[PDB]
Protein chains: 2
Amino acid sequence: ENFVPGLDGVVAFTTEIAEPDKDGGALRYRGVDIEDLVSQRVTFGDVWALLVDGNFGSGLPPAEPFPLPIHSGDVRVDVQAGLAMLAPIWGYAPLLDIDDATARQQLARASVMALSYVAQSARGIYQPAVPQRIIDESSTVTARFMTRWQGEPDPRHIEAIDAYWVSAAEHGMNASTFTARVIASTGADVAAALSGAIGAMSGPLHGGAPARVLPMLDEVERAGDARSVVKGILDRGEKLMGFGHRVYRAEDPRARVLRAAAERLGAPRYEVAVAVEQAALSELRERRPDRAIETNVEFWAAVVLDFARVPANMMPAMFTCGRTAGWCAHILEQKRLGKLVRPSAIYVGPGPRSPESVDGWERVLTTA
Amino acid sequence: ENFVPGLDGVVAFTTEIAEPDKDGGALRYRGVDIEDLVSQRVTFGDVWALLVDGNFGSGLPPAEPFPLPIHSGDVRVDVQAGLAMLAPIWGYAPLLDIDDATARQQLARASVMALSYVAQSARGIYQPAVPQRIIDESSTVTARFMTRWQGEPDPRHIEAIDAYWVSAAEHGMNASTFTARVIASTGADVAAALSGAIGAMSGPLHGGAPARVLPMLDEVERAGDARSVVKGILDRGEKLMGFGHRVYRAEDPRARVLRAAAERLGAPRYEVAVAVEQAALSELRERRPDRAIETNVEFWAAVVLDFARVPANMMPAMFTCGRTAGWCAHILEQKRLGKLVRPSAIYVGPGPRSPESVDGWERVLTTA
């Protein structure tokens, strides 16, 4: 009794990093609203520094040249493995043996190299790399990532990614952030903790499937037939991509800034995407008025990411790129805390028995 | 108030896998004492199957040929990265999309390939690989590991590893086991969860340093001068390697079976190691009789591992090899549970402010 498996609602830490007000419909990084950051066009490197350091003192340095050595065919796997291999070649010591400033420099160096590995993996092995002198023509971390990936970077496409990365940078104690904090609490080096957090984010229960709303949006060709299409999908017993039970008590403020960014940047799908949003919401609240139904953040993430020419198989990696900022801030906070996380379990399995009583002992005898 | 950071003493799961009785000085895998397993010479592959399945039905299959592709200079890094890259090439789906029997087959295939990667990495790149036809002359997982690593396998050295691996296979909800369960609870593939657990085990707070007791044991050349040496180390203000506050209410039963195994196998250091054990214990209980002082399991682990010709830099990887059995059983149990672990945090950071109030806004202005 008094037991719900899964630590649901158990307080494990106190953080000073970010506060997601579920009741007030707000998300603030160190007290600053994400809407202020996105509208005022603050780039990812500065939001990374604000979350990790607590102010706008010193941003994010550019990535050094380092051709990706892993080509597994899965962008996630490439960066999970390539990050772990940074510790030997760069001489990363365990967190126990370094001071706070050294951990911050190591976290910044590994974060920006993750973005470089993602861009190289997405560009693919069947293409020559983009020369370093062209990459160096840009001055922001986000612009260099786009140049390294696509060659010529469309400036309006870069602003879409900076909007998306800033709104996905940090969102509390998600499972992949919890994993990074657990690995860091054992004293391991920063690369081992980042690498494990990527493994957690790879799980399909980490969020939504932005790529799945694009085929629906492709069926609707004008704002007028948005109601008719939503009629058909709901009548065929299928599900509506991008809508469900509310996560925030009203709406996710992250869906707000992504939609506003799509309008401000003049994304072609905006007109049709707004029409599908109101069509889907009017229907779902009509067929089942008992549930609080809202637009999920995955819906407007698909519009912003697709407008920036990000393919479907690459959309999960673009979320991981942004979340490195939250991961690094929690790793640095876990280091200063200095307390190993170590929960408990309760045994309910079989009582004491002899090996001969177990089924299969005969095989152990015949073989051994 | 009512808050101790780190989930200390919080119950997160109920397991049927193993019960470490801290008060009774016992460790049982599915109800079977580890002393019965070690003395009756039950090999690692069968203990792996007992922990994962719950009986001696079907053991562990041999590893397929697969030259290690990672050569980072750190055995841990090689296996952490090489495990994650198994998912694309072998077509591992997420845990959500497969049934229980398929996850068990995937876990067995990845476990035995971890052991093969450890053996290849330890043997090193400056040596030609051991032919597959020689490896196939052995019939157990533990013997093949030793053949792949050292060429000729000493049978008494193989029994030392089977004794050590069985006693290190599983020990409750350690941080690296907790990490594997958290990654698995997101629905990720089994290779991603094993890879992250290795990152947690790499942290120096995961256990002891077996390699550190060997230099002390090398100073003592006969049983007689063990008291004199322990006198010197304690008088120079240094620490005694392998002894400290008790973990089990009496002694770790794992230290029991390791010491008994060292005696039964006739390890040359046994005579001197027993003499140092009683010398160190008699002193520590004499200088501070207020503390319950016991022999740590790292002490007899060093004797067993060194007797099997395992170098110091390789001793951490030999612990990870054994713990794969506990990792796989908890991953399979977490899958059947079907509940994402997702704890909570409490914000205590700065309240709502405007971006211009933050220190460093001026830099953001001059640059942007």
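If you check the header, you'll see the entry was determined by X-ray crystallography and the resolution is listed as 2.57 Å.

### Quick look at the overall build of chain A
If you tally the helices and strands in chain A, you get 17 helices and seven strands. The C-alpha radius of gyration computed for chain A amounts to 23 Å, which stays within 12% of the reference 21 Å derived for 368 residues, consistent with globular compactness. Across the 368 residues that make up chain A, the buried fraction comes to 58%. In chain A, 76% of the contacts between residues at least 6 apart in sequence involve partners at least 24 apart. A total of about 14900 Å² of accessible surface is found on chain A, and carbon and sulfur atoms cover 50% of it. Counting 38 positive and 46 negative side-chain charges, chain A places the centres of these two groups 1 Å from one another.

### Some points on the interface of chain B and chain A
Each partner contributes to the interface: chain B provides 89 residues, whereas chain A provides 89 residues. Between chain B and chain A the total buried area reaches about 7900 Å² when both faces are included, carbon and sulfur atoms providing 66% of it. Counting every contact that joins chain B to chain A gives six salt bridges. Measuring nitrogen to oxygen at the nearest pair gives 3.0 Å for the salt bridge that ties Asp46 of chain A to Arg363 of chain B. Linking chain B with chain A are 38 residue pairs in polar contact, by the criterion used here. Listing elements by their share of the side of chain B that touches chain A, those giving two or more residues are β1 (11–15), β2 (18–21), α2 (44–53), α3 (75–84), α9 (175–185), α10 (190–201), β7 (344–347) and α17 (361–367) of chain B. The dominant element in the side of chain B that touches chain A, judged by the number of residues it contributes, is α9 of chain B, at six residues. Across the side of chain B that touches chain A, the residue classes tally to 46 nonpolar, 27 polar and 16 charged. Both strand β1 (residues 11–15) of chain A and β7 of chain B contribute to a ladder of four bridges, which runs parallel.

### Details of the sheet that holds strand β2 (residues 18–21) of chain A
All names here are of chain A. The three strands are arranged β2-β3-β4 in an open sheet whose pairing can be described as antiparallel. For this open sheet the edge positions go to β2 and β4 (32–33), each flanked by a neighbour on one side alone. Pairing geometry for β2 and strand β3 (residues 26–29), over four bridges, is antiparallel. Along β3, the bridge assignment pairs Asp21 with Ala26.

### Here we look at a nonpolar patch on the surface
A contiguous nonpolar patch, built from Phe3, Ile346 and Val348 of chain A together with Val11 of chain B and spanning about 300 Å² of accessible area, is present on the exposed surface. You can see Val11 of chain B is positioned in strand β1.

### Some words on the relation of the copies chain B and chain A
Note on the chain copies: they are related by a rotation about an axis and a translation along it. The two copies are related by a screw operation: chain B maps onto chain A through 180° of rotation and 0.0 Å of translation along the axis, at an RMSD of 0.0 Å. The superposition of one copy onto the other is thereby described by a two-fold rotation axis. In this assembly the copies share their binding face: 100% of the residues contributing to the interface of chain B also contribute to that of chain A.

### Digging into helix α5 (residues 100–123) of chain A
Because each turn of an α-helix spans 3.6 residues, side chains separated by three or four positions end up pointing in the same direction. Residues and elements named next belong to chain A. A rise of 1.5 Å per residue sets the reference length of α5, with its 24 residues, at 34 Å; its end C-alpha atoms lie 35 Å apart and thus fit the reference within 8%. In terms of residue burial, α5 counts as a mostly covered element, since 17 of its 24 residues are buried. One or two positions beyond α5, positive phi appears at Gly124, with a value near 95°.

### Some details on the packing of aromatic side chains
Per the counting criterion, the structure on display carries 23 aromatic pairs over all chains. Ring geometry for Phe145 of chain A and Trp149 of chain A: centres 6.3 Å apart, planes at 50°, overall tilted. Taken as a pair, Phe145 of chain A and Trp149 of chain A lie in helix α7 (residues 141–150) at a separation of four residues, close to a single helical turn. Classification of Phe145 of chain A by relative accessible area gives buried; the value is 3%. Their ring planes at 50° and their centres at 4.9 Å tell us that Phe243 of chain A and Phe299 of chain A sit as a pair that is tilted. Taken together, the residues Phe243 of chain A in strand β5 (residues 243–245) and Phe299 of chain A in helix α15 (residues 297–307) connect sequence positions 56 residues apart. The exposure class of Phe243 of chain A is buried, given its relative accessible area of 9%. Aromatic rings pair up to connect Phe13 and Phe178 of chain A together with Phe13 and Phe178 of chain B into one cluster. When the ring centre of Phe13 of chain A is taken as reference, the NZ or CZ atom of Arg181 of chain A above it lies at 4.1 Å.

### What to know about the domain arrangement of chain A
Residue and element names in this part refer to chain A. Looking at the assigned domains, one finds that chain A contains domain 1 (1–207 + 309–368) and domain 2 (208–308). Put simply, the middle of domain 1 and the middle of domain 2, counted by C-alpha atoms, are 28 Å apart. On the domain 2 side, the residues contacting the 29 residues of domain 1 number 24 residues. Of the roughly 2400 Å² buried where domain 1 meets domain 2, counting both sides, 62% is carbon and sulfur surface. At the junction of domain 1 and domain 2, the tally comes to one salt bridge.

### Remarks on unusual backbone geometry
All names here are of chain A. For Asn2, which is not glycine, the phi dihedral falls at a positive 55°. Examined against the element boundaries, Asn2 turns out to sit in the segment before β1. By relative accessible area, which is 80% here, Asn2 ends up exposed. With phi around 55°, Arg30 is a residue other than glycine that occupies positive phi space. The topology assignment puts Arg30 in the loop between β3 and β4. Looking at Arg30, the relative accessible area reads 11%, which means it is buried.

### Details of helix α14 (residues 270–287) of chain A
All names here are of chain A. In this model α14 runs 26 Å from its N-terminal to its C-terminal C-alpha over 18 residues, within 8% of the 26 Å that 1.5 Å per residue would give. What α14 keeps buried is the set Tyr270, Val272, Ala273, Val274, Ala275, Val276, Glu277, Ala279, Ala280, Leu281, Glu283 and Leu284. Contacts from the buried residues of α14 go to α11 (213–219), α12 (226–235), β5, α13 (253–265), β6 (293–295) and α15.

### Comments concerning the nonpolar core
Judged by nonpolar contacts, the single largest core of 254 residues is most densely connected at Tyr29 and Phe145 of chain A together with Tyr29 and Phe145 of chain B. The contact partners of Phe145 of chain A, leaving out residues within four places of it in the chain, are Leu115, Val118, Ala119, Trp165, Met314, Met318 and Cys321 of chain A. Among the nonpolar cores identified, the runner-up in size contains 14 residues, and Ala12 and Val341 of chain A together with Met173 and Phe178 of chain B belong to it.

### Re the sheet that holds strand β3 (residues 26–29) of chain B
Reading across from one edge, β2-β3-β4 (chain B) is the order of the three strands in this open sheet, with antiparallel pairing throughout. The sheet is open, and its two edges are formed by β2 and β4 (32–33) of chain B, each paired on a single side.

### Some details on the side chain of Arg76 of chain B
In this structure, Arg76 of chain B sits in helix α3. At 2.7 Å, the side chain of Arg76 of chain B forms a polar contact with the side chain of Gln80 of chain B.

### Describing the side chain of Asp189 of chain B
Assignment of secondary structure puts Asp189 of chain B in the loop between α9 and α10. For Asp189 of chain B, a relative accessible area of 6% translates into the label buried. Other than its neighbours up to four places away in sequence, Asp189 of chain B contacts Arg76 of chain A together with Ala87, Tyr92, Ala93, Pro94 and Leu95 of chain B.

### Focus: the packing of α9 of chain B against helix α16 (residues 315–337) of chain B
Packed helices, taken two at a time, are described by the angle their axes make and the gap between the axes. Residue and element names in this part refer to chain B. Following both chains from N to C, one finds α9 and α16 inclined at 35°, their axes separated by 9 Å at the closest point. When the axes of α9 and α16 are compared, the crossing they make is right-handed. Two secondary-structure elements touch here, α9 through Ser176, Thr177, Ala180, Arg181, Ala184 and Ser185 and α16 through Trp327, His330, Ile331, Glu333, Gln334 and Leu337. Taken together, the residues that form the contact of α9 with α16 break down as five nonpolar, five polar and two charged.

Calculation criteria
- Residues numbered from 1 in each chain as written, not as in the entry; some residues may be left out.
- Chains lettered and ligands numbered in written order.
- Heavy atoms only, no water.
- Helix = DSSP H or I, 4+ residues; strand = E, 2+ residues; numbered from the N terminus.
- Rg over C-alpha atoms; globule rule 2.2 N^0.38 Å.
- Buried < 20%, exposed > 50% of the residue type's maximum accessible area, 1.4 Å probe, protein only.
- Contact = heavy atoms within 4.5 Å.
- Areas by Shrake-Rupley, 256 points an atom, 1.4 Å probe, with all protein chains shown as cover.
- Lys, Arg positive; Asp, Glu negative; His and termini not counted.
- Charge placed at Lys NZ, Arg CZ, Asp CG, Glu CD.
- Buried area = accessible area lost by both parts, 1.4 Å probe.
- Salt bridge = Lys/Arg side-chain N within 4 Å of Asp/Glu carboxyl O.
- Polar contact = N/O pair within 3.5 Å; in protein donor to acceptor, adjacent residues only side chain to side chain.
- Nonpolar A, V, L, I, M, F, W, Y, C, P; charged D, E, K, R; others polar.
- Pairing = 2+ DSSP bridges.
- Patch = residues over 30% accessible without salt bridge, like charges linked within 9 Å, V, L, I, M, F, W, Y side chains within 5 Å.
- Least-squares fit on C-alpha atoms.
- Expected span 1.5 Å × (residues − 1).
- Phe/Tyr/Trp six-rings, centres within 6.5 Å; stacked < 30°, edge-to-face > 60°.
- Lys NZ or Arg CZ within 6 Å of the ring centre and 35° of its normal.
- Domains from an automatic or database assignment.
- Core = buried A, V, L, I, M, F, W, Y, C linked by side-chain atoms within 4.5 Å.
- Axes fitted to C-alpha atoms, helices over the stretch in contact; angles between N-to-C directions.
- Left-handed = near helix turned anticlockwise from the far one by under 90°.

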